Amino acid sequence: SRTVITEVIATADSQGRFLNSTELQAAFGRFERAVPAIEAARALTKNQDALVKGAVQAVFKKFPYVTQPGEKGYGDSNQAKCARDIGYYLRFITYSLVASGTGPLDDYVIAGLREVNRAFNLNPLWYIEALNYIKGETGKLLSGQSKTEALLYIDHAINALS
Amino acid sequence: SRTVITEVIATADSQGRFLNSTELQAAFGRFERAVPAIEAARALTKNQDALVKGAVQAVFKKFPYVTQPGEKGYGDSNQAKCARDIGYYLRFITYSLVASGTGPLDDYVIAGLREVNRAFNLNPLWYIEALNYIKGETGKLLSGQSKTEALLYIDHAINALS
Amino acid sequence: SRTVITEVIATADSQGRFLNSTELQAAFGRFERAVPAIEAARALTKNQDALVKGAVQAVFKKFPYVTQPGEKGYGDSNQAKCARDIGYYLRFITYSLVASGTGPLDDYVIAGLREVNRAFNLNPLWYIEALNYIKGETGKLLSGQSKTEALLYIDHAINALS
Amino acid sequence: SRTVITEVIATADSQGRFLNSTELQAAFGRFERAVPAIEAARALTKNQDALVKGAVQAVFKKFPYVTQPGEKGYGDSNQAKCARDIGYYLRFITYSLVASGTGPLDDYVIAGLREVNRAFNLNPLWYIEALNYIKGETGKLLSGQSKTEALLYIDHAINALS
Amino acid sequence: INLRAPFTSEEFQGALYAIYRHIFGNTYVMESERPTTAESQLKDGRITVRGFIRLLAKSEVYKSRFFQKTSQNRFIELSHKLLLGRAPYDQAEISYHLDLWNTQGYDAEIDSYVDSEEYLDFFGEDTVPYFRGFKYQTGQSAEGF
Amino acid sequence: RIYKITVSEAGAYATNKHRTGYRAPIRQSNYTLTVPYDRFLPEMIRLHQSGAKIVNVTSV
Amino acid sequence: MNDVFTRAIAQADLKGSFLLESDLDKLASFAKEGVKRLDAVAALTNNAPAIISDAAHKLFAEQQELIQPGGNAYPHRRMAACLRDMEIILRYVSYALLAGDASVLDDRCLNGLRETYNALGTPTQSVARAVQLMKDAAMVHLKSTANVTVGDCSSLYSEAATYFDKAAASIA
Amino acid sequence: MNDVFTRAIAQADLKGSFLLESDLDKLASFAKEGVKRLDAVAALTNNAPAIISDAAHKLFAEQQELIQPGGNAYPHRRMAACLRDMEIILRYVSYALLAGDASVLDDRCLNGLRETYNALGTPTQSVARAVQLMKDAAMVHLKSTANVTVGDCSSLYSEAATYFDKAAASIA
Amino acid sequence: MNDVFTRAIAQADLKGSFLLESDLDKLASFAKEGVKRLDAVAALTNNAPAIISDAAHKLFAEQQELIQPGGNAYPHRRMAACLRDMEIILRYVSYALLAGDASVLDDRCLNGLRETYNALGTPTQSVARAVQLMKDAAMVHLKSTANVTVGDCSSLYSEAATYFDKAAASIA
Ligand SMILES: CCC1=C(C)/C(=C/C2=NC(=C\c3[nH]c(/C=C4\NC(=O)[C@H](C)[C@H]4CC)c(C)c3CCC(=O)O)/C(CCC(=O)O)=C2C)NC1=O
Ligand SMILES: CCC1=C(C)/C(=C/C2=NC(=C\c3[nH]c(/C=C4\NC(=O)[C@H](C)[C@H]4CC)c(C)c3CCC(=O)O)/C(CCC(=O)O)=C2C)NC1=O
Ligand SMILES: CCC1=C(C)/C(=C/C2=NC(=C\c3[nH]c(/C=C4\NC(=O)[C@H](C)[C@H]4CC)c(C)c3CCC(=O)O)/C(CCC(=O)O)=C2C)NC1=O
Ligand SMILES: CCC1=C(C)/C(=C/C2=NC(=C\c3[nH]c(/C=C4\NC(=O)[C@H](C)[C@H]4CC)c(C)c3CCC(=O)O)/C(CCC(=O)O)=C2C)NC1=O
Ligand SMILES: CCC1=C(C)/C(=C/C2=NC(=C\c3[nH]c(/C=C4\NC(=O)[C@H](C)[C@H]4CC)c(C)c3CCC(=O)O)/C(CCC(=O)O)=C2C)NC1=O
Ligand SMILES: CCC1=C(C)/C(=C/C2=NC(=C\c3[nH]c(/C=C4\NC(=O)[C@H](C)[C@H]4CC)c(C)c3CCC(=O)O)/C(CCC(=O)O)=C2C)NC1=O
Ligand SMILES: CCC1=C(C)/C(=C/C2=NC(=C\c3[nH]c(/C=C4\NC(=O)[C@H](C)[C@H]4CC)c(C)c3CCC(=O)O)/C(CCC(=O)O)=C2C)NC1=O
Ligand SMILES: CCC1=C(C)/C(=C/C2=NC(=C\c3[nH]c(/C=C4\NC(=O)[C@H](C)[C@H]4CC)c(C)c3CCC(=O)O)/C(CCC(=O)O)=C2C)NC1=O
Ligand SMILES: CCC1=C(C)/C(=C/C2=NC(=C\c3[nH]c(/C=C4\NC(=O)[C@H](C)[C@H]4CC)c(C)c3CCC(=O)O)/C(CCC(=O)O)=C2C)NC1=O
Ligand SMILES: CCC1=C(C)/C(=C/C2=NC(=C\c3[nH]c(/C=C4\NC(=O)[C@H](C)[C@H]4CC)c(C)c3CCC(=O)O)/C(CCC(=O)O)=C2C)NC1=O
Ligand SMILES: CCC1=C(C)/C(=C/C2=NC(=C\c3[nH]c(/C=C4\NC(=O)[C@H](C)[C@H]4CC)c(C)c3CCC(=O)O)/C(CCC(=O)O)=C2C)NC1=O
Ligand SMILES: CCC1=C(C)/C(=C/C2=NC(=C\c3[nH]c(/C=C4\NC(=O)[C@H](C)[C@H]4CC)c(C)c3CCC(=O)O)/C(CCC(=O)O)=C2C)NC1=O
Ligand SMILES: CCC1=C(C)/C(=C/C2=NC(=C\c3[nH]c(/C=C4\NC(=O)[C@H](C)[C@H]4CC)c(C)c3CCC(=O)O)/C(CCC(=O)O)=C2C)NC1=O
């Protein structure tokens, strides 16, 4: 996936050359930022269930018209799939935090996102609201830099959805 | 010039996207590693004259044959050219330290190096010896990560000559 | 390889057409040039050992330092490799004389010459000196068109080295 | 125009290299076979009118139905254009003989021949018969390498027509 | 890789590396075989990536490695792979290109690849060719993959 | 000989790209290409088919 | 393609001399405050669609003639092209902000844009207005003191404003 | 590609040795005979359409099934391809005659031609037959004494025949 | 691309006449001293690194400002470009010398060279001086009588001087 180290190696390889000062300094930055990013992922993993339940509830509060009979938000299967989707997004956000790159998101979620959402008539706004929630509670869950990395990745997901 | 920032921005623009975490961590590493690099550039700029004279003398010690008449090293003009070339290499090493990239070295020395040396029958081994002397001296007058920066750039130049 | 007949046939082949008067005239000229060329090749073959020994000695005369210990000419194996390389060059010059094209040289010596010299730290001026000696000597062993043919091939090899 | 010299230079230019023994030997063959070719060209130029008139009469002998009214040959103007066409073909054969390559023929006759002859409904068999007459008279007007060169060029024109 | 008209030295050298790795089928090209005049013309702006690729395909390196020791079948499939990034879709391509080379020579055959609408749609004068056929292409024949 | 064709795109190329979608990276409109005489006609037809606008052609 | 360090090195090489201690101090300062630079670039990137949407709403509220039939942004694809151009300008402005040098914006995005618009028939003045509107929305988003520790970044605000104004000037 | 000289050089290189005096003598004899070789090649080139037409007429009189509907030279297209292939093979035979080596014929013309014809449904026996008829017509033209100086050229005849029958053997 | 023979053919064609007897004598003369010209072409070809190195040494002694920082041969990259350009110009001069005509030198080498140099900041006077220095070195090498039969060759030296001067005129 597209991370700092993998981009470094891909650029070095595409030009057929070794790793020089620039590439090693980039990798050094990755290895320093690993600490805030990894423990932000730890904090996000710990509070995953509450975050997912709250994101689903926020979707329903903003979109009450999905849950009454006849459309996407109705039924135990649909709501379970909603929980599954928000958990997917959170999982890949934590993956991206650990890997220090949007490679997990870009490769697993964002690639093909619009075609899939169009085919199944899933509104991207639902997931935008869920991720905005996730952002709200990661603001209070996380402090200092960890908050910063988690916000960068959550917002990359949001931007891709919008 | 290839720096961490320029490579960041280039790999972002090639695929037509905004700069994201994968790019900002790389830039962060550059900004953090600037301090030892600027220290090394300061030290190498202070001591340029001693380094250049010592490098020229090291070249003549390793190649006594070149000073003999009818050879490249004979004459006052040729040795003036030698001192000037060592000054060029040291200057570009300091530039590359300041920019935190091999971009200055690559642009001003490494590009067209082989063709120029073959055209004028300049043996790259002379400059390997001069740069090896400069490396030995840089082991002094510098300590810690600044020495690591300086030797990484110097030995980049050495590998390009070899 | 890459010789007059082969260029003729390749040009006809790529243009999807037969061999016409222009190409047959090129081939004609090759067939008459074969006489001084084969004579030069035979003369050089008969005197290969004298030429090779003299070339090695001229190399050592022009570069006295190389025989000194710690250098590329020190030792018996290094000088065995001297003579082997000069024999290689002589062999491929005779090949090119017989083939009436530079294709033997280009395919066996020149293609990969610079990289191999740079890797093993061999100096192209050594081989230029040896080929200059061979040129001077074939000035004596040969005369007329035989000598100009030999000199064209030896000079192609020299220009390849430089 | 494709001549021996021009093919030489174009090949070397495409490879971005100097003219070496191959190119020079092809040029030498051209310069050697120039003299019988120029002899043939002078011979064919001298007997222009007889050759052209005989070729026209031969066309009319092999194609009696052409001259009768209601056909392409009937009339003074079409007669004049017949004579003109055979004269053009002879002229460009002499050009290609002098220039030691079929380039004049390819540039001035062969290129666009089929579509021009289709648009004006000119039978290639008429010109093939005229050229066969030209060959028949060349057999006695010339002897040796001059006759060989002239036959090569005339029958190149024929093969282009057929 | 995309190479615009004002380009840096590192971008230029990387583009050359990519172009040689693709157009020459991952074959080692020696320093004596590299086209310095064509590189100069590309560096100036006299030609584009496309015209540079056309030059390289007409060059003796390409001819010797892919045309002069092969059958026309191998040359056609290999030219499709290297210049279009895809495989031939049917036998009509083989027949078409063989007739093209036979009647108009090698240069016209290269020009068909490089002046093709496929090439211009996907690479278009500034991007290096790449392998497309590892993804579904419209009009593909399911055996092209 | 060689001819320099200066090309522009004032909307026909734009609408063709809008229908097909951006498919190689976007580039500026006005640009010039040098073409030999042998390739002169096909390049001209290709530009006309693409919706390109040629503002002038120069011979050199 | 340069940054502040590469530009300084370029001038140093034209004079033919080593970098001066004043220059070293200046660039060390640039690298010390590059943390704020990363915060500003992240703020520009994370809010890019919001900036573009806000600027589009403002521009189409003010310049109503574009929307109407016969306007430059009427055919629905031309609206798509308008949005794409706005995003490209924002992307290159953020590139230049991170570099600290405006050359990456110019040489790659702005050198031919004027002639492109003129050949097309696009009103360049409305494009400049869109760039200024993007500048306003971007200033609002960078100055957001939340999400980051409070600090003095007037230099970043000035630099971003210069990049937006220079893009607008080159367009119109 | 290889001519006779380049093969000789290749074996000499494989041994790592110079070219012996006998090998140089053989190459000298080749280059002396080169003018006769040129006459043979020009006879093949100059009279090529006649050779192809004669071979086609004989072949399609012998094998009428080829030109009936359902034959493999029935529609105009397949007949054009048939004549094209015959011209191509004769042209590579002329190349091999000039080079003194059958290497170009193998590498270019007969590299995979049998599998090509097997996949097309083309009768390889009939293709070989066409190559034999072309060989006969070629020998008729190459033995012609008009417009050449009389001499012994039997080695060239046998070598041309070997190129022809090597093509026919590779096909069938 | 044109030589003396095709030049005469074109001049005859524009009038639509057979090449005159006088033209045949001049062309046969050109063909007789073709061997004389091959030696000059080989002298240019063999000694090209020597000619270029000599001219470069003299040029960079005469004009130091090219090699200091800010000059146009200053970095290795521009220095290599300059050496390459000298290589190319000598190559095309030798092509013209072999062809007997300067049409190649106009068509391929110098078609838009002065404009390129003007756009790149290259002092065309420096390039013209470089061509003149190569002309001096080339004349030194062509006149060498070693390894060649003695004969009058003032025509070849004059013609090569015209080629070098014409190249310098087109660049400057
Ligand atoms: C920007 C980077 C740059 C470099 C590195 C550079 C090296 C360089 N050194 C040169 C001169 C030279 N430099 C030397 C160096 C020798 N002196 C002896 O004392 C030693 C054995 C040895 C040095 C260790 C010599 C012998 C020459 C003269 C070469 C000649 O013209 O024959 C020249 C040719 C000057 C000319 O055109 O007249 C170059 C290009 N030039 C550049 O623009
Ligand atoms: C087909 C043509 C061909 C050539 C030309 C060729 C040259 C060649 N010579 C070599 C050895 C060598 N050649 C030399 C050079 C000689 N010794 C010095 O004293 C003299 C100044 C000089 C005589 C001119 C040396 C010193 C070595 C040993 C290098 C080493 O192993 O480090 C090597 C290294 C590989 C080995 O160990 O054999 C190569 C590649 N190889 C080839 O396959
Ligand atoms: C330089 C190369 C060149 C060639 C070869 C050439 C041939 C040529 N001959 C023409 C006329 C013609 N030429 C002929 C020749 C016929 N007259 C009969 O006595 C014969 C059976 C037969 C000739 C053997 C005829 C019938 C026409 C009139 C055709 C027409 O107007 O449709 C034309 C049409 C131009 C016109 O009518 O204004 C061409 C192009 N032109 C060229 O520029
Ligand atoms: C994934 C990156 C990558 C690799 C690893 C790679 C290896 C590689 N080496 C090759 C040739 C070669 N490789 C070798 C090396 C061998 N010769 C022996 O003597 C040695 C014991 C041994 C080396 C240790 C040789 C000699 C050839 C050329 C064979 C020939 O020319 O006939 C080739 C064929 C391309 C060509 O011939 O031009 C490839 C693909 N290429 C790549 O793109
Ligand atoms: C450059 C070397 C080379 C050659 C020569 C070559 C031959 C070749 N011949 C082909 C077809 C053909 N070839 C023939 C020839 C046959 N017709 C009758 O059967 C005869 C017995 C016989 C000729 C005497 C025919 C009829 C076709 C058309 C087959 C079809 O459409 O099914 C094809 C398939 C593409 C096409 O239709 O043109 C190839 C590739 N391939 C190569 O790479
Ligand atoms: C013109 C006719 C044609 C077809 C139909 C075609 C299909 C096709 N499907 C592909 C991949 C794929 N196809 C599928 C679809 C399958 N897997 C799912 O589970 C389903 C069970 C099932 C669909 C109902 C999937 C999942 C992939 C991705 C495989 C991978 O790359 O890992 C690919 C590889 C390139 C790509 O990923 O786009 C092709 C070429 N190609 C053709 O030329
Ligand atoms: C280097 C980066 C780059 C940029 C920025 C760029 C601008 C650009 N804008 C274009 C069209 C356009 N651009 C616009 C946008 C403007 N008109 C509206 O009034 C808005 C107010 C305003 C947007 C802020 C519109 C509406 C078009 C469509 C013109 C038309 O189709 O008539 C086109 C032509 C599209 C094509 O040929 O397919 C280009 C090339 N080109 C580039 O290569
Ligand atoms: C893409 C749109 C298009 C254009 C712009 C076009 C005109 C056009 N005419 C051309 C040549 C030509 N055009 C003519 C036209 C003839 N001269 C007069 O005698 C006749 C009255 C006149 C008949 C109309 C001629 C003689 C040439 C050849 C010019 C030469 O090579 O000297 C060429 C160059 C051919 C090439 O280099 O391959 C073009 C592009 N045709 C097109 O399809
Ligand atoms: C992964 C990408 C990445 C980012 C985003 C990043 C930003 C970043 N911001 C920081 C604090 C800061 N952040 C800012 C930003 C300013 N504050 C004001 O409110 C302005 C609105 C705003 C300008 C946009 C400032 C002024 C500081 C404190 C500087 C200092 O520590 O002295 C710090 C240092 C915190 C510490 O270790 O104590 C970092 C590393 N670093 C990264 O590696
Ligand atoms: C797909 C449809 C198709 C067509 C149209 C076709 C035409 C055709 N007719 C042929 C025979 C022929 N056909 C004719 C035509 C007639 N003879 C005279 O009585 C008339 C003047 C003249 C017609 C008006 C002639 C003269 C030949 C002789 C070819 C030969 O001798 O080999 C041949 C050569 C094969 C053979 O020897 O039989 C072809 C290819 N072939 C096809 O497969
Ligand atoms: C432009 C293309 C070109 C051609 C065509 C060419 C042919 C050529 N044939 C020659 C003689 C000859 N040609 C032949 C060959 C013929 N004798 C028999 O009738 C055979 C049927 C037939 C062989 C296929 C022979 C035997 C000689 C006598 C010279 C000798 O035997 O060495 C000569 C020497 C001078 C002479 O006696 O006329 C030449 C140059 N040279 C060229 O540059
Ligand atoms: C068709 C044959 C052909 C020619 C003739 C040709 C000339 C040529 N020279 C160029 C640059 C150059 N040419 C020179 C040489 C001059 N500068 C002065 O300082 C020196 C006195 C003088 C050395 C003799 C230099 C230094 C450059 C690089 C300019 C730059 O990078 O700004 C360039 C553009 C960029 C490049 O290639 O690096 C071209 C196209 N290219 C070709 O493909
Ligand atoms: C393989 C490539 C090749 C070359 C290089 C070549 C040159 C060549 N030079 C020759 C003699 C000659 N060479 C020259 C050249 C002049 N002599 C003066 O010293 C000038 C310095 C010099 C000006 C360049 C002259 C004047 C002759 C005498 C030609 C004659 O006898 O009329 C000859 C004729 C030898 C004879 O019959 O006695 C040839 C064939 N031929 C080839 O096939």
# chains A, B, ... in the order shown; residues from 1 in each chain; ligands from 1
>>> residues_near_ligand(ligand="ligand 2", cutoff="8 Å", atoms="only C-alpha atoms and all ligand atoms", output="PyMOL selection string")
chain C and resi 55-56+59-60+63+66-67+71-74+77-86+88-89+108-109+113+116-117+120-123+126-127+129-130
>>> closest_atom_pairs(of="chain E", to="ligand 6", cutoff="10 Å", atoms="only C-alpha atoms and all ligand atoms", output="JSON lines")
{"residue": "E:89", "atom": "CA", "partner": "ligand 6", "partner_atom_place_in_ligand_line": "43 (O)", "distance": 9.6}
{"residue": "E:132", "atom": "CA", "partner": "ligand 6", "partner_atom_place_in_ligand_line": "35 (C)", "distance": 9.5}
{"residue": "E:133", "atom": "CA", "partner": "ligand 6", "partner_atom_place_in_ligand_line": "35 (C)", "distance": 7.5}
{"residue": "E:134", "atom": "CA", "partner": "ligand 6", "partner_atom_place_in_ligand_line": "35 (C)", "distance": 5.4}
{"residue": "E:135", "atom": "CA", "partner": "ligand 6", "partner_atom_place_in_ligand_line": "35 (C)", "distance": 3.5}
{"residue": "E:136", "atom": "CA", "partner": "ligand 6", "partner_atom_place_in_ligand_line": "38 (O)", "distance": 4.2}
{"residue": "E:137", "atom": "CA", "partner": "ligand 6", "partner_atom_place_in_ligand_line": "43 (O)", "distance": 7.1}
{"residue": "E:138", "atom": "CA", "partner": "ligand 6", "partner_atom_place_in_ligand_line": "1 (C)", "distance": 7.5}
{"residue": "E:139", "atom": "CA", "partner": "ligand 6", "partner_atom_place_in_ligand_line": "1 (C)", "distance": 6.7}
{"residue": "E:140", "atom": "CA", "partner": "ligand 6", "partner_atom_place_in_ligand_line": "43 (O)", "distance": 4.8}
{"residue": "E:141", "atom": "CA", "partner": "ligand 6", "partner_atom_place_in_ligand_line": "43 (O)", "distance": 4.8}
{"residue": "E:142", "atom": "CA", "partner": "ligand 6", "partner_atom_place_in_ligand_line": "43 (O)", "distance": 2.9}
{"residue": "E:143", "atom": "CA", "partner": "ligand 6", "partner_atom_place_in_ligand_line": "43 (O)", "distance": 6.4}
{"residue": "E:144", "atom": "CA", "partner": "ligand 6", "partner_atom_place_in_ligand_line": "43 (O)", "distance": 6.7}
{"residue": "E:145", "atom": "CA", "partner": "ligand 6", "partner_atom_place_in_ligand_line": "40 (C)", "distance": 5.6}
>>> residues_near_ligand(ligand="ligand 4", cutoff="8 Å", atoms="only C-alpha atoms and all ligand atoms", output="list in words")
residues 21, 26, 27, 28 and 29 of chain E
>>> write_last_selection(atoms="N, CA and C atoms", output="PDB file, in the first residue's frame")
ATOM      1  N   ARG E  21      13.048   1.312 -19.853  1.00  0.00           N
ATOM      2  CA  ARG E  21      12.647   0.059 -19.240  1.00  0.00           C
ATOM      3  C   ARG E  21      11.419  -0.509 -19.918  1.00  0.00           C
ATOM      4  N   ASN E  26      12.477  -4.338 -20.975  1.00  0.00           N
ATOM      5  CA  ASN E  26      13.331  -4.641 -19.832  1.00  0.00           C
ATOM      6  C   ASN E  26      14.648  -5.265 -20.266  1.00  0.00           C
ATOM      7  N   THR E  27      15.148  -4.871 -21.425  1.00  0.00           N
ATOM      8  CA  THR E  27      16.416  -5.358 -21.942  1.00  0.00           C
ATOM      9  C   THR E  27      17.516  -4.370 -21.590  1.00  0.00           C
ATOM     10  N   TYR E  28      18.668  -4.894 -21.189  1.00  0.00           N
ATOM     11  CA  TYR E  28      19.800  -4.046 -20.854  1.00  0.00           C
ATOM     12  C   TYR E  28      20.275  -3.294 -22.079  1.00  0.00           C
ATOM     13  N   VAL E  29      20.284  -1.974 -21.991  1.00  0.00           N
ATOM     14  CA  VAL E  29      20.804  -1.122 -23.047  1.00  0.00           C
ATOM     15  C   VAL E  29      22.095  -0.511 -22.535  1.00  0.00           C
TER      16      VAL E  29
END
>>> closest_residue(among="B:93, B:19, B:37, B:158", to="residue 143 in chain B", atoms="only C-alpha atoms")
B:37
>>> select_by_dssp(residues="range 25-116 of chain E", states="alpha helix (DSSP H)", output="PyMOL selection string")
chain E and resi 36-44+49-58+60-66+72-79+91-114
>>> residues_near_ligand(ligand="ligand 5", cutoff="6 Å", atoms="only C-alpha atoms and all ligand atoms", output="list in words")
residues 71, 72, 73, 94, 95 and 98 of chain E; 72, 73, 78, 79, 81, 82, 85, 86, 88, 108, 109, 120, 122, 123, 126, 127 and 130 of chain H
>>> residues_around(residues="range 52-60 of chain E", least_positions_apart="3", cutoff="9 Å", atoms="only C-alpha atoms", output="PyMOL selection string")
(chain D and resi 14-15) or (chain E and resi 19-20+23-24+33+35+38-39+41-42+47-49+63-65+79+83+106-107+110-111+113-114+128-129)
>>> residues_around(residues="range 33-46 of chain F", least_positions_apart="4", cutoff="6 Å", atoms="only C-alpha atoms", output="ChimeraX atom specification")
/F:1-5
>>> decode(residues="range 117-129 of chain B", atoms="C-alpha atoms", output="short mmCIF file (atom, residue, chain, number, x, y, z; two decimals), in the first residue's frame")
data_model
loop_
_atom_site.label_atom_id
_atom_site.label_comp_id
_atom_site.auth_asym_id
_atom_site.auth_seq_id
_atom_site.Cartn_x
_atom_site.Cartn_y
_atom_site.Cartn_z
CA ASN B 117 35.78 13.66 -17.18
CA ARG B 118 36.32 11.48 -20.25
CA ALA B 119 36.53 14.53 -22.51
CA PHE B 120 39.32 16.05 -20.41
CA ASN B 121 40.89 12.77 -19.23
CA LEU B 122 40.20 13.65 -15.60
CA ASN B 123 40.56 10.54 -13.48
CA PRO B 124 37.64 10.24 -11.02
CA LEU B 125 40.02 8.50 -8.62
CA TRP B 126 41.65 11.86 -7.90
CA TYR B 127 38.35 13.26 -6.68
CA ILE B 128 37.63 10.05 -4.78
CA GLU B 129 40.91 10.63 -2.93
#
